[PDB]
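Visitor: Below is one structure. I have some questions about it.
When we count neighbours, we look across all protein chains shown, and the Cβ atoms used for this are built from the backbone with ideal geometry, even at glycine. Since every read-out is calculated from the coordinates, none of them should be taken as a lab result.
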Amino acid sequence: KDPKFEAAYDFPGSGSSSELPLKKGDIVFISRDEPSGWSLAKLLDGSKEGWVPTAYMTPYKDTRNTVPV
């Protein structure tokens, strides 16, 4: 169970292969992130790891449905 994140910005495969093509509202695992601005995103099936811009991946609400009042 890696920390799940959610692509707040669509990520069209520009180079891909080393990248992790995502879309606004796609959810993957972040395995690590580099201060170059890229988080190593791994598909939520654990299929393929790739790089995706850090600012795109927002902490996905899994196991958390905190209802306020």
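Visitor: Report the relative contact order of the chain, percent, no decimals, based on alpha-carbon pairs under 8 angstrom and at least 6 residues apart.
Guide: 34
Visitor: Applying the Karplus parametrisation 6.51 cos²θ - 1.76 cosθ + 1.60 with θ = phi - 60° to the phi angles of region 19-26, what ³J(HN,Hα) value in whole Hz is obtained for each residue in order, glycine and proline being reported as x?
Guide: 9, 10, x, 10, 9, 4, x, 8
Visitor: List every residue whose amide H lies under 5 Å from the amide H of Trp38, counting only residues 5 or more places away in sequence or on a different chain, with H placed 1.01 Å from N in the peptide plane.
Guide: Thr54
Visitor: Moving on to the next point. Which FRET efficiency value, to the nearest 0.05, do you get for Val69 and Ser18 by plugging their Cβ-Cβ distance into 1/(1 + (r/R0)^6) with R0 = 30 Å?
Guide: After rounding, the FRET efficiency stands at 0.10.
Visitor: Per q in 0.23 Å⁻¹, report the Debye log10 I(q)/I(0) for the chain, using one uniform scatterer on each alpha carbon and no solvent.
Guide: Rounded to two decimals, the profile gives -0.92.
Visitor: Can you spot the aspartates and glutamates whose alpha carbon is less than 19 Å from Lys1's alpha carbon? Ignore those fewer than 8 places along the same chain.
Guide: Qualifying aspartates and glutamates at Cα under 19 Å: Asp26, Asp33, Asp45, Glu49, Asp62.
Visitor: If you don't mind, another one. If you take every DSSP beta bridge whose two residues both sit in the chain, what share of them, in percent to the nearest 5, is antiparallel?
Guide: Counting only bridges with both partners in the chain, antiparallel ones make up about 95 percent.
Visitor: Moving to a separate point now. Determine the distance separating the Cα centre of region 31-69 from the Cα centre of region 1-23; give it in Å without decimals.
Guide: Centre-to-centre (Cα) distance: 8 Å.
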